[PDB]
Amino acid sequence: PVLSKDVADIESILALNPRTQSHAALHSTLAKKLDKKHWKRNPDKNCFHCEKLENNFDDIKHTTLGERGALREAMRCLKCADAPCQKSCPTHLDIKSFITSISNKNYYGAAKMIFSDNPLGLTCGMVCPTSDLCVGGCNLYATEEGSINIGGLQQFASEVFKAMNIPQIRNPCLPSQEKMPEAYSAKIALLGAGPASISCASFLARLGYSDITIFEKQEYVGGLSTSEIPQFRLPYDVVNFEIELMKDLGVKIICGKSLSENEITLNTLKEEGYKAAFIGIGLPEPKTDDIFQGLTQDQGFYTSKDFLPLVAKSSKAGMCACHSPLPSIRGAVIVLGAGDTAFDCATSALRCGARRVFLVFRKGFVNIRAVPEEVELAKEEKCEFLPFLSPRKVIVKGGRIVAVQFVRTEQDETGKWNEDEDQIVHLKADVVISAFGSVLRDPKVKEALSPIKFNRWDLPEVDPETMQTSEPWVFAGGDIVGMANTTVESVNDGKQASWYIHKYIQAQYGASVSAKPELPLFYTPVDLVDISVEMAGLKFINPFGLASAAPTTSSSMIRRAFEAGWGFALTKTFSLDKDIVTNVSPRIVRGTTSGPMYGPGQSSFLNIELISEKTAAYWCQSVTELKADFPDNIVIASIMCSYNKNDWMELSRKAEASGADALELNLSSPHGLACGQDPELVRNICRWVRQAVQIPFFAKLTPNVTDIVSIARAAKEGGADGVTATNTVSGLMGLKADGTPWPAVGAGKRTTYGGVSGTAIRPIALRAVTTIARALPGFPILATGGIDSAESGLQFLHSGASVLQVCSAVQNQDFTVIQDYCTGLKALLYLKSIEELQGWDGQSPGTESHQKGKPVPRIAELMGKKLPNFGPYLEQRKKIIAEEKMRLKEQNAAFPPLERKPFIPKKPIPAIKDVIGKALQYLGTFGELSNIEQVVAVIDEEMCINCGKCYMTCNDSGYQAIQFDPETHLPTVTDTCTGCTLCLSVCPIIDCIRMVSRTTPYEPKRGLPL
Amino acid sequence: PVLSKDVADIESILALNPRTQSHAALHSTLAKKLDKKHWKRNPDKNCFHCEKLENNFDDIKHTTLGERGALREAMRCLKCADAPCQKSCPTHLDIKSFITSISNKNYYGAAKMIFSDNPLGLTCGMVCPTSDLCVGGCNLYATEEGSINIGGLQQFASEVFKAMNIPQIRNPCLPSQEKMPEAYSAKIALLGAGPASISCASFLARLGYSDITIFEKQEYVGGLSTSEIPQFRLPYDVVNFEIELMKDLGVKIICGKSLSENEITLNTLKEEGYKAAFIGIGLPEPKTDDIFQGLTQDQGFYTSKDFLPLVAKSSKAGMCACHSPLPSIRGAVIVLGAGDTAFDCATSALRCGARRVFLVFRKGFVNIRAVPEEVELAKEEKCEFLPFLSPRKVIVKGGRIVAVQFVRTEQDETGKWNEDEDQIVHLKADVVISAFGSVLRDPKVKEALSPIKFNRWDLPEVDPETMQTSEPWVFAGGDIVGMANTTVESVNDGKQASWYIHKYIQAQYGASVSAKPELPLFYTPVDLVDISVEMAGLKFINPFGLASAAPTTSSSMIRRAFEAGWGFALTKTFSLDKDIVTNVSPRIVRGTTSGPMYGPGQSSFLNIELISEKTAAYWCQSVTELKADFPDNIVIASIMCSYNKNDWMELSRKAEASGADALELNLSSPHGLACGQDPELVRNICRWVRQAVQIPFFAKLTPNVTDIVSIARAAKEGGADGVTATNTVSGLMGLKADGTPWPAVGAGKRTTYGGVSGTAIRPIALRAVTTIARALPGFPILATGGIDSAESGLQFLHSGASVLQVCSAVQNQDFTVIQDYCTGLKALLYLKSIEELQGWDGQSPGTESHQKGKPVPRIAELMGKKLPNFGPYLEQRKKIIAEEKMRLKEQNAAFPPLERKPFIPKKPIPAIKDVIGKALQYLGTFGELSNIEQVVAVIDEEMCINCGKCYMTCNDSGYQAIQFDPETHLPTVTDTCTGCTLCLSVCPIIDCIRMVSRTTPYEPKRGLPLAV
Ligand SMILES: Cc1c[nH]c(=O)[nH]c1=O
Ligand code: SF4
Ligand code: SF4
């Protein structure tokens, strides 16, 4: 047969494989119109009717992210200095830091940083109107691809943290409860269990107050987050999670207790001995219109205050166990108002079975004050919008509303809004919902706030800096104060109040507080994990250090690095005065190793830098100063001489006399040209230094060697106490199209070979560390080469390194990445002790079936029926889903536990010393690998996005083993798979393709039998 | 002094540098409300009134891309098989291939593929309502980050090609014009110079027809693209560009000639010997309403057909011989209708000075015709929308409009639309613009189409597959046929018609055509550039070939690669039968070298794969079959033995006997551990093979050696005819958090050291090629290691290699990348002959000041004033720009553009042999680098997006040399800069930072004085 031709059945599998075209393609406009419908993914501008949404409370947020999407978006963020997104966030979240943690896979560190400044971090990630807050300030707005999805990232890290089931702990910087001053046992009352009080109580408990009680009028907690924000934007279990974290600090909540005249008043709290009160009761009553007087729910009239709590009670499992069914709202629905409460009423009405929804507002579209992302949800669900209409009469016939009569409104040219009595609209409707906003009007409630001063709007007056009312022991915040519009601003109000309540209370007990406000951070048992390590007789407080590189150009930067938390630092390599060098410029350039991607996260750098231009005297004095001021931070002096015994002994003695904890010998000196490339040269250098000094020293090995183990062995034979693996990889980063290099020095555009650093050399450095650790068990290794996160650092520890040197990751960012690395490592260690989470990969949950970060409903009639998410298949999916939601109307939904129990560590948290070298057991020669335990690829069709990359890779780089369906664009791996794993490697969807154990007989294809 | 302590002035420059916090931050809600306005970038939802737009015709497209953004978005595209975006494109653009070209920086290749299927490719990139076309089918809709911006990428690549000023050429496959059959001289008439006829005429010219004339009624060309689509969505210079490309093919345009009775008719056309006619006149008349009868423009009434041409003549230089100012549209404007014409009327009325615009339509929001992107332009410019209103009466007082009276509409229970005579609106207005659509009404024009049949819709009937009317010689397409709603569908109508006009004409001359339509592609002189190369006596038709690797697992795969265009291929390395191997699985994994980015563009792979599992008999028979069928494609047999003279001589002789053009010796065999790591072993292996075979052979070198030049030298000394540099780099690609590796093999989850391939190892391979080329001048080198584009291929050729082997870029994609590589290399070479383009870097234009890929205005009052693009500074920028637009109305603004004259090569096009090794002159030792020719960084404040990364990097990795302003977030480089170049290397904006010569003395910072 013709071996080099595909037989017919492979020709058939290859039918959809890309081919070179030699001609333009002919397809009539009519045929194209018909075919368009088959592939359509997005809304059709020509479908006018609502999708069926009755009883469908699935998440409709455009911002929700899965891990794949969050990692992409977090790597996109520029992680800006003095970031305007944080300036534009009411709780001042350090967005740069938490997004850096997500990009580094440290979801715990991101959550800790979110919740440190916002105790409702998850709620706010889901609901913040970010376009009017943090995202409206984002610098990447100035790029075509646009601002960062900050809320979605916040939601994602916070959801992973919620899944970790880790409790909040008492501020570990506090003395124990019995040694707290009496002031902290002051009885504190908060009124209302909404965002403002939850935040205030949280921060007060962080400060150490131990007698905090929130009194809540209703039988549910969470305020509007629970009672009115729809489940399809804010799942109730988020609210319950955040309140659980609060209760970990000891805050008490008492339901069914009202601030009201014959119940709780400021006076009775005072006589009962309460020392401070926070008023966070919001705006409890609807804004009304006299034309609706006497209308009842039975006739079809609701305020938002009637309607949204009814829908919440039906759709939130355990919010209020008592449920009526979804209100019977079939028919045309009129929603009055253009604030964001109106838009939630409209989309909720659709879930009650509304036939059509009209939002009617009395001004124009330009005057809508709802945030665009709220408006877009009602728009895409095909609500109708009627501007310039003010209601006048509700027509009732047969006990039911049948119509509303409006008059047209208009502006003149003084901005006056007029009502034109001769211009009317008679709009038929079965249900009317007024969403004119909320007010405080209950006389018995206001009476209970006596004698605090109220303003013009009958709201309590506060000092906007302190949140104090006219009574110095009574504070107020959130909606009740009429400043905040949002959850995050209400949270911030309680935060702001908490510091001045603390000041007020301490003053009352005769104590002062800091003039600079100091609210504590958020803490969990993860933060107690010990990440110190001992190596070569040295104690490192954590295993992360600055490599000898641009970030250690000056000793003043090492100082700032130690202040930021770095465990150790190398000096820039320095030499004797006779060997002083002079740098050229340009000399450090971005890598081309991952294509024309600019900005954050460069995959490599190339440098043609030399050793330090600063003198040995500068560095030796600097080491003495640094060791004097930072005795617990390890300082390693990096030094270089030529192949000269007196020089190496002189310089190493000088660095030792300066107080360096250890030395690092830079073996890049030219004497095959480098000393580090010759085992005899390295051994001799190491013996010279070993004779000269008593302190530990480490040989820094170059990777540009045939056998790096032979260099490490020679260092160890010469008396080195360990090795640093590795320096940069020799390379040429690239050429412009005219042939000139980059970096190019001088008018001559000259260059020389540089060293490549960063994540592109990580595989080379990992291989070096592992080969050395296996060949020389127990020999200390300092790892360097592409370390940029706690989890990549843990790879090097697992590979045999004891400490972790960093350069490029700081060049890509700044010194504060150390806080990410330390919290990330603590979390990775803590999680190794949790039985319930062993299916995770470090901080990453097991990947569930998902599309656009939202889980695929587990319905029998969707599973395996070959329905991709486009065209007529997508309309069939929607119908199936819609039918299951109708069918679910009739059945009991379970309750979550009254409140969850955290996962308990089942062994002591591993120390760094427990993880070093643990991966070496899996390494071996090729002959130690089983060639009979083979795998094949299998594709989860529910996660596939139909791109055919697996198919193209298997076709032109594999075994032509995948069928790609010409109608559904769904791939199927067949029995000719050889498990090469290329299709998984190129698939855009994490864990859509999985390698599973091959169940069928596996025969190597020999082409022609031997 | 305390050396390790910042002095007060550095502490000051570091004031905004990030620091670890130990406490939560206290900021009042009121203080936050106040500060939010200082940083605000996007629109403020509390603003009910947007800046003056009078006389502002700057581009408002949200999809426009500069090079930085285009490269990022083109890299995001999955470049899908059988792609649904292409299915959803009416012209069937090969979107996968043109976006692949952009991502590889091959903008010529992208434009060629675009214009091959769509002669109005730049117009369409600008105006296609993609959410209802290609982008509506995009698979990345299923991701949170969403669908690809296909139209912007199409626009970007087409704009670059436009800037190259390269002409279209006559289809180079055709015989010379004198040898063309007489049928191709048939007189062809096209009526109307819009998208439909321009397309049809272009494709007919590609087919070889030499006598094509477009008769256009007006004194301007381009149809609605020119007369109505606003300049702030479609610049007229795009239309002029596409028509000049068509004129390159010899198509003739005659303006001021109408299809109409007593002028051009089908009868007069027939009588004058025209053999085919294409009707592309569009819908020339407005759809009218009786309530507007007698209303004239000076009372304030316009149809869209009156108003939009007025704005266009007044905003498009070069359109029209007469210049004119904008219409005087002051006061409140009512636009009637909700198709996209209405939305262009709304936004255009704002450019004319309207105080207020009302879009009033007779159905609801759910019924708006317009694509959402068109609607959003009006919405964001603060137009008001009034639904459910039907006009009933215009109120005229004092001889002009003062109001329009509407009645409310509603849809009855079934679905029919009623009018509520008693529910009225009296809406004050000064100007009314009806946008009810367009029709063909003129009886003089209809009568000139006698006797073709018309349908119910009063429009010419056509076979929708052929575009033929009832008259066999008359075709029609575009708006006139009533199917197309868009520019791209009208272009497609003309493209569809052109094949069947060709069939009809040929048959009239007694000739047949293929039953399979074969429209030619789009060609320029770039396509004639020769990219062949001779090396070691072998002739390569192009320098790109498949490395010995997974893409050459099977010889059937090589066959398909040669069919796709690949110049050469390696067999997977094979051996004698005694040495047969068996692979494990998993064995090839994605790289972690650039982070958790999945899908296209993996920066590396790692493999633990062995040599081929297929027998030497399979491979030798396959080489014979491949060389029999593909004699012009070079086939190199890659072979491996242990260190054994008889084995190497036997295996190389067997491969020679099978007809391999050459051999490649795989030196990975363990005898360091591998043969290729020892010069003496390599020299002996090459000696053995040289004694065994007469064909050329190449030693494949490993980069995992201290000194690769010594191995290369040993191979040369042993008799090798060249070297392949390099194989994969030894590595481990990483572990899971529980410590298990990936790949993980068997129950024990075991692994071994693997080989790293792909762009991550390109610096290593480039070093090896350059260092061998300098040590061994003229010794042939085959490069492998991260080659994934003509641009990167050219780097290796400049570095001394003659041919270019590829693996990982095909693993990342498929075999068709060869077409991108060849057109890319042709364009790179061609552009070296063009003096006018000396300042480009290859295919990249010199970067100019832009924000969001839109050029920043050149206004003295803006530049140097430290106005960044946010907060109150942005507001001041908008007021300055708006005041400058008022001044361009009130001054001498009118000069049509310089008409294009294509750049002419002013030196020979370099051949491959001319560029090989040209970079080597710039390489040397560090001691050859000047230390007086120092540089400093300087920042272009107009391109800065205020992220402060330059500042952070200089602070914590540099010399604390950048001031970062706390109010404007603008950076300034001070004189302490050392030119290290890190700030440029991390800046997200291409060429915002540039390194320039030091003007002041360069003093090395030494910390303490030297002392002796
Ligand atoms: C001195 C020196 C400069 N640059 C590097 O990458 N490594 C070194 O050791
Ligand atoms: S021509 Fe239009 S529809 Fe086709 S790919 Fe380009 S933008 Fe999309
Ligand atoms: S890195 Fe670039 S964009 Fe960012 S502040 Fe510096 S110059 Fe501006």
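1. A few points about the overall build of chain B
- Per the secondary structure count, chain B includes 30 helices and 35 strands.
- Compactness check: chain B gives a C-alpha radius of gyration of 34 Å against a globular reference of 31 Å for 1012 residues, within 12% of the reference.
- With the C-alpha coordinates of chain B rotated into their principal frame, the extents come out at 105 × 95 × 60 Å.

2. Some words on the overall build of chain A
- Helix and strand counts for chain A stand at 30 helices and 35 strands.
- Computed over the C-alpha atoms, the radius of gyration of chain A is 34 Å, within 12% of the 30 Å expected from 2.2 N^0.38 for a compact globule of 1010 residues.

3. Section: the packing of helix α24 (residues 790–798) of chain A against helix α26 (residues 817–831) of chain A
All names here are of chain A.
- Between α24 and α26, the least distance of the axes is 8 Å, while the angle of their chain directions is 60 degrees. It follows from the interaxial angle that α24 and α26 lie oblique. Note that α24 runs across α26; the crossing there is right-handed. In this structure, α24 contributes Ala 790, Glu 791, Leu 794 and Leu 797 to the contact, and α26 contributes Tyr 821, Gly 824, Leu 825 and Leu 828.
- Partitioning the contact of α24 with α26 into residue classes produces six nonpolar, one polar and one charged.

4. Side note on the domain arrangement of chain B
Residues and elements named next belong to chain B.
- Split by domain assignment, chain B resolves into domain 1 (1–24 + 925–1012), domain 2 (25–181), domain 3 (182–285 + 439–530), domain 4 (286–438) and domain 5 (531–835).
- A C-alpha centroid distance of 30 Å is found between domain 2 and domain 4.
- A buried area of about 1200 Å², summed over both sides, lies between domain 2 and domain 4, and 62% of it is on carbon and sulfur atoms.
- On the domain 2 side of the contact with domain 4, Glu 54, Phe 57 and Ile 60 bury the most area, a combined 40% of that side's loss.
- Here domain 2 and domain 4 share one salt bridge between them.
- For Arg 330, the salt bridge goes to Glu 54, with nearest N and O atoms at 2.6 Å.
- Inspection of the region where domain 2 meets domain 4 yields five residue pairs in polar contact.
- For the side of domain 2 that touches domain 4, the class distribution of residues is seven nonpolar, five polar and two charged.

5. Some words on the site of ligand 3
- Neighbouring residues of ligand 3: 13 residues in total, closest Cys 944, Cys 947, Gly 948, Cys 950 and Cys 987 of chain B.
- Residue composition of the shell around ligand 3, by class: ten nonpolar, two polar and one charged.

6. Comments concerning the pairing of strand β1 (residues 187–191) of chain B
All names here are of chain B.
- The buried fraction of β1 amounts to four of the five residues, a majority that puts the element mostly inside the structure.
- Bridge count for β1 against strand β4 (residues 274–279) is five bridges, and the pairing is parallel. Residue pairing for β4: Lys 187 is matched across the bridge by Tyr 274.
- What joins β1 to strand β2 (residues 212–216) is helix α9 (residues 195–206), and the crossover it makes is right-handed.

7. So, the sheet that holds strand β9 (residues 384–386) of chain A
All names here are of chain A.
- With parallel pairing, five strands are arranged side by side in an open sheet as β6-β13-β7-β8-β9. Bordering the open sheet on either side are β6 (301–303) and β9, each of which pairs with just one other strand. Each strand axis lies, on average, 20 degrees off the axis of its neighbour in the sheet, ignoring direction.
- Of the strand pairs in this sheet, β6 and strand β13 (residues 431–434) are connected by three bridges, and their pairing is parallel.

8. Quick word on the packing of aromatic side chains
- Counted by the stated rule, this structure contains 56 aromatic pairs over all chains.
- Aromatic side chains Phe 115 of chain A and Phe 241 of chain A sit 6.0 Å apart centroid to centroid with 75 degrees between the ring planes, which places their arrangement in the edge-to-face category. One end of the pair, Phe 115 of chain A, is in helix α6 (residues 107–117); the other, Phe 241 of chain A, is in helix α11 (residues 236–248), with 126 residues separating them in the sequence. The pair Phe 115 of chain A / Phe 241 of chain A is uniform in exposure class, with both members buried.
- Here the aromatic cluster, defined as three or more aromatic residues joined through ring pairs, consists of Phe 343, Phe 361, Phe 365 and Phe 385 of chain A together with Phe 343, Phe 361, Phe 365 and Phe 385 of chain B.
- Seen from the ring of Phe 454 of chain B, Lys 446 of chain B lies directly overhead, with NZ or CZ sitting 4.7 Å from the centre.
- Positioned over the ring face of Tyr 141 of chain A is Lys 852 of chain B, at 3.7 Å from the centre of the ring.

9. A closer look at the site of ligand 2
- The full set close to ligand 2 counts 14 residues, and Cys 89, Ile 95, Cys 128, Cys 134 and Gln 154 of chain B are the nearest of them.
- Looking at the shell around ligand 2, its residues break down into ten nonpolar, four polar and no charged.

10. Side note on the side chain of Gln 168 of chain B
Residues and elements named next belong to chain B.
- Mapped onto the elements of the fold, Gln 168 is located in the loop between α8 (150–164) and β1.
- Engagement of the side chain of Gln 168 in a polar contact is seen with the backbone oxygen of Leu 245, the distance being 2.8 Å.
- Not counting residues up to four positions away in its chain, the partners in contact with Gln 168 are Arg 206, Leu 245, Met 246, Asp 248, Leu 249, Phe 522 and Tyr 523.

11. What to know about the sheet that holds strand β8 (residues 356–360) of chain B
All names here are of chain B.
- Across the sheet, which stays open at both edges, the five strands sit in the order β6-β13-β7-β8-β9 with parallel pairing between neighbours. Each edge of the sheet is formed by a strand with only one pairing partner; in this case those strands are β6 (301–303) and β9 (384–386). With strand direction ignored, the average angle separating the axes of adjacent strands in the sheet is 20 degrees.
- As paired elements, strand β7 (residues 332–336) and strand β13 (residues 431–434) share four bridges and run parallel to each other. Within the sheet, the bridge partner assigned to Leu 336 lies in β13 and is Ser 434.
- Together, β6 and β13 form the strand contacts of helix α13 (residues 304–315), whose direction differs from that of β6 by roughly 90 degrees.

12. A word on the interface of chain A and chain B
- Listed as interface residues are 269 residues of chain A and, on the opposing side, 271 residues of chain B.
- Of the roughly 22900 Å² buried at the junction of chain A and chain B (both faces included), carbon and sulfur atoms supply 55%.
- When the buried surface of chain A facing chain B is broken down by residue, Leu 26, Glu 144 and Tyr 922 of chain A rank first, second and third, together holding 3% of it.
- Here chain A is connected to chain B by 18 salt bridges.

13. Comments concerning the packing of helix α20 (residues 645–657) of chain B against helix α21 (residues 679–692) of chain B
Residue and element names in this part refer to chain B.
- Packing of α20 against α21 brings their axes to within 9 Å, and their N-to-C directions diverge by 45 degrees. Compared by their axis directions, α20 and α21 come out oblique. The two elements α20 and α21 cross, and the hand of that crossing is right-handed. Contacts between α20 and α21 involve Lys 645, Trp 648, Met 649, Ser 652, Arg 653 and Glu 656 from the first element and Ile 685, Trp 688, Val 689, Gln 691 and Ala 692 from the second.

14. Thoughts on the environment of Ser 260 of chain A
Residue and element names in this part refer to chain A.
- Mapped onto the secondary structure, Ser 260 falls in the loop between β3 (252–255) and α12 (266–271).
- Take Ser 260: its relative accessible area is 3%, and that puts it in the buried class.
- Between the C-alpha atom of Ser 260 and that of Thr 571, which follows or precedes it by 311 residues, the distance is 67 Å.
- Aside from chain neighbours lying at most four places away, what touches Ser 260 is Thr 265, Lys 444, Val 445 and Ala 448.
- Looking at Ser 260, its side chain comes within polar contact range of the side chain of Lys 444, at 3.1 Å.

15. Considerations on the side chain of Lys 627 of chain B
Residue and element names in this part refer to chain B.
- Relative to the assigned elements, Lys 627 resides in helix α19 (residues 616–629).
- At a separation of 3.1 Å, a polar atom in the side chain of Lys 627 contacts the main-chain carbonyl oxygen of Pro 631.
- Engagement of the side chain of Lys 627 in a polar contact is seen with the side chain of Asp 661, the distance being 2.9 Å.
- With residues up to four places along the chain from it excluded, the contact list for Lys 627 reads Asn 633, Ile 634, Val 635, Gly 659 and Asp 661.

16. Brief notes about the environment of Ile 102 of chain B
All names here are of chain B.
- Relative to the assigned elements, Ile 102 resides in helix α5 (residues 95–103).
- Classification of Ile 102 as buried rests on a relative accessible area of 0%.
- Each C-alpha atom, one on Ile 102 and one on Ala 70, is 7.6 Å from the other, the two residues being 32 residues apart in sequence.
- If near-sequence neighbours (up to four positions away) are discounted, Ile 102 is found in contact with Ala 70, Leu 71, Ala 74, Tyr 107, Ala 110, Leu 153 and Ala 157.

17. Thoughts on helix α23 (residues 762–775) of chain B
All names here are of chain B.
- Across its 14 residues, α23 extends 20 Å between first and last C-alpha, which sits within 8% of the 20 Å expected from 1.5 Å per residue.
- Within α23, eleven of the 14 residues are buried, leaving the element largely enclosed by the surrounding structure.
- Those residues of α23 that sit buried are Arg 762, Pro 763, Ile 764, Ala 765, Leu 766, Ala 768, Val 769, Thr 770, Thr 771, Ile 772 and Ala 773.

18. So, α5 of chain B
- Counting buried positions over the nine residues of α5 of chain B gives nine, a clear majority of the element.
- Listing the buried residues of α5 of chain B in full gives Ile 95, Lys 96, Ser 97, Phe 98, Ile 99, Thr 100, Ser 101, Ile 102 and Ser 103 of chain B.
- Where α5 of chain B is buried, its residues meet α29 (949–957) of chain A together with α3 (67–76), α4 (84–87), α6 (107–117), α8 and α26 (817–831) of chain B.
- In the segment just after α5 of chain B, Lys 105 of chain B is the residue with positive phi, at about 65 degrees.

Cut-offs applied
Residues numbered from 1 in each chain as written, not as in the entry; some residues may be left out. Chains lettered and ligands numbered in written order. Heavy atoms only, no water. Residues with missing side-chain atoms left out of burial classes, pairs and counts. Helix = DSSP H or I, 4+ residues; strand = E, 2+ residues; numbered from the N terminus. Rg over C-alpha atoms; globule rule 2.2 N^0.38 Å. Axes fitted to C-alpha atoms, helices over the stretch in contact; angles between N-to-C directions. Parallel < 35°, antiparallel > 145°, perpendicular 65-115°, else oblique. Left-handed = near helix turned anticlockwise from the far one by under 90°. Contact = heavy atoms within 4.5 Å. Nonpolar A, V, L, I, M, F, W, Y, C, P; charged D, E, K, R; others polar. Domains from an automatic or database assignment. Buried area = accessible area lost by both parts, 1.4 Å probe. Salt bridge = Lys/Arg side-chain N within 4 Å of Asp/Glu carboxyl O. Polar contact = N/O pair within 3.5 Å; in protein donor to acceptor, adjacent residues only side chain to side chain. Near = heavy atom within 4 Å. Buried < 20%, exposed > 50% of the residue type's maximum accessible area, 1.4 Å probe, protein only. Pairing = 2+ DSSP bridges. Right-handed = clockwise from strand over helix to strand, strands pointing away. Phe/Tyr/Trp six-rings, centres within 6.5 Å; stacked < 30°, edge-to-face > 60°. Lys NZ or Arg CZ within 6 Å of the ring centre and 35° of its normal. Expected span 1.5 Å × (residues − 1).

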